[PDB]
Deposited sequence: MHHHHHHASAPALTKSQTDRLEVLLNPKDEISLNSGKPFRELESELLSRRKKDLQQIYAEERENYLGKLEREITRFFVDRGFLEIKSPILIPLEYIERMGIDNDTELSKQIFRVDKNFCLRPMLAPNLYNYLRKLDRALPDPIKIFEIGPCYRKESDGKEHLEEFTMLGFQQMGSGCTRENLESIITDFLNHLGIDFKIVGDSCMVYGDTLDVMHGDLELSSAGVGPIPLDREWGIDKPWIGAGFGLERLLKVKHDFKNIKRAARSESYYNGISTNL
């Protein structure tokens, strides 16, 4: 009989597509040797053939998808003024206030893309024709309780369109085309707001403006937008049991354990 410690070890080495039962009559040492051999070969095949990281490749695919639909690619600061958090309406009553990684007296690791995207919408409205369509992909940071669906360091896609065409129907069409393009199953459930669910897992929250918060950011036009976690998309696509297999990590490469 395997110990729970031994089964923990085998589960680290187990890939979703593996056809192995750890409840068999096989000794730990030889189940482990089998899985070690398979994972080494998996890494060898990646190194020989494609060599691209899941998170980088997904960012590049998403980037191509939004650029092709007319959205401008933004890369804004990850280290942001703490003031931006308060100006988003996040006060101690809100959950997110206690999730902030503070850095100095006045700065934090951004937990969200909305402040920077607001600032870009306001500035670009002076230069670009209506409608203004922008997106960003990059690191975001939140303190979280241990969870199979949460990372403290994750990667967010945020997109926003401002001006004409900012209907709920158009927002749902973007989301739907996007997830059908990636091959990810979803249901949309719904200051209009909606969530994009995969079972009980939240892939995205989306919104339709105007909302009263817009005025603090110098925004006075309708808008639609949404934010998606890349690691949650990878977790669904590859059927990972824990989102740590999709994270920036020293412990996993493309969902394969690096502790061999």
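*Asks:* No C-alpha coordinates anywhere in a stretch? Then put that deposited-sequence range on the list, in order along the chain.
*Replies:* Since the structure holds only modelled residues, the stretches it omits are 1-11, 202-207.
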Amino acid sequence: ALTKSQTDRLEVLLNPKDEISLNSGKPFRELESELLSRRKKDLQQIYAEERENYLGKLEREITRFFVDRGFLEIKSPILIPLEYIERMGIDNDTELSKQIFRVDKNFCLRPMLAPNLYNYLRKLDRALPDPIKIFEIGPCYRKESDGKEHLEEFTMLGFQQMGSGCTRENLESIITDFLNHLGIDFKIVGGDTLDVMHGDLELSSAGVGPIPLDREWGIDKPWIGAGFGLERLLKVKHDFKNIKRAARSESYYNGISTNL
From here on, numbers count along this sequence of modelled residues.
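*Asks:* Between 95-103 and 74-82, which has the larger average Cα B-factor in the PDB entry?
*Replies:* On average, C-alpha B-factors are higher across 95-103.
*Asks:* Given the B-factors recorded for C-alpha atoms, which segment has the greater mean, 129-137 or 142-150?
*Replies:* The entry gives the higher C-alpha B-factor average to 142-150.
*Asks:* Of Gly225, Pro27, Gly56, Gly229, which one's C-alpha B factor is largest in the deposited record?
*Replies:* Reading the PDB entry, the winner on C-alpha B-factor is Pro27.
*Asks:* Kindly indicate the residue among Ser204, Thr193, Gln44, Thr63 with the greatest C-alpha B-factor in the PDB record.
*Replies:* Going by the entry's C-alpha B-factors, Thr193 comes out highest.
*Asks:* Can you tell me which third, lowest, middle or highest, the CA B-factor of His181 falls into for its chain?
*Replies:* Its C-alpha B-factor belongs to the middle third of this chain's values.
*Asks:* Should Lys40 be placed in the lowest, middle or highest third of its chain by the C-alpha B factor in the entry?
*Replies:* Within its chain, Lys40 is a middle-third residue by C-alpha B-factor, going by the deposited values.
*Asks:* Among the modelled residues of this chain, does the Cα B factor of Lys17 put it in the lowest, middle or highest third?
*Replies:* Tercile = highest for this residue's CA B-factor.
*Asks:* Comparing against every modelled residue in the chain, figure out the third that the C-alpha B-factor of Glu52 lands in (lowest, middle or highest).
*Replies:* Lowest third.
*Asks:* Looking at the entry's B-factor column for C-alpha atoms only, identify whether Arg87 ranks in the lowest, middle or highest third of its chain.
*Replies:* According to the entry, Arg87 has a C-alpha B-factor in the chain's middle third.
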